[PDB]
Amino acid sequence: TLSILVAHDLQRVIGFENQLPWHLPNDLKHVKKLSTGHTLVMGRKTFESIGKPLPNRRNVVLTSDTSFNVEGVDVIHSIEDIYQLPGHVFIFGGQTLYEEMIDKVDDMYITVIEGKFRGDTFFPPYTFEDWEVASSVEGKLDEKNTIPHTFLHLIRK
């Protein structure tokens, strides 16, 4: 099973200066709950923006660097290698990996951030004519989660 996992804004910004433009604990809980016990595939820059694997799932970094080695991270050097990973595999960023994979994934788990942020990286455009809305759940606003947001599960038609 091949899924996208992404948070994107009203204009499909996903990032700014190798960071997320927003901080939204609800989305981080969402990510952890979806991906615990499973597999995260991410591009090198996305991984390096964090510096350490997320516990309790397989962390897989795609890079052309043959010297790349981090404790608790598995490395792949080709897109083709993704299709050999067992279980539920989540494409986890960044822009380059989304662009490479969006036509290949079965479904997408998208947090729509209902804001317009300054960004330098983007999710690829897509149309709902290719995707069914399996579910659409509004996130609760509070003092810790102050941007409106929607959890979408889309499945390729």
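The numbering used is simple: start at 1 and walk along the sequence shown.
**Q** Should the higher mean CA B-factor in the entry be assigned to 38 to 46 or to 124 to 132?
**A** Higher mean C-alpha B-factor: 124 to 132.
**Q** Of the two stretches 107 to 115 and 65 to 73, which shows the higher Cα B-factor on average in the entry?
**A** According to the entry, 65 to 73 carries the higher average C-alpha B-factor.
**Q** Would you please rank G15 by its C-alpha temperature factor against the other modelled residues of its chain and give the third it falls in: lowest, middle or highest?
**A** Tercile = lowest for this residue's CA B-factor.
**Q** How does the C-alpha B factor of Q95 compare with the rest of the chain: lowest, middle or highest third?
**A** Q95: CA B-factor falls in the lowest third of its chain.
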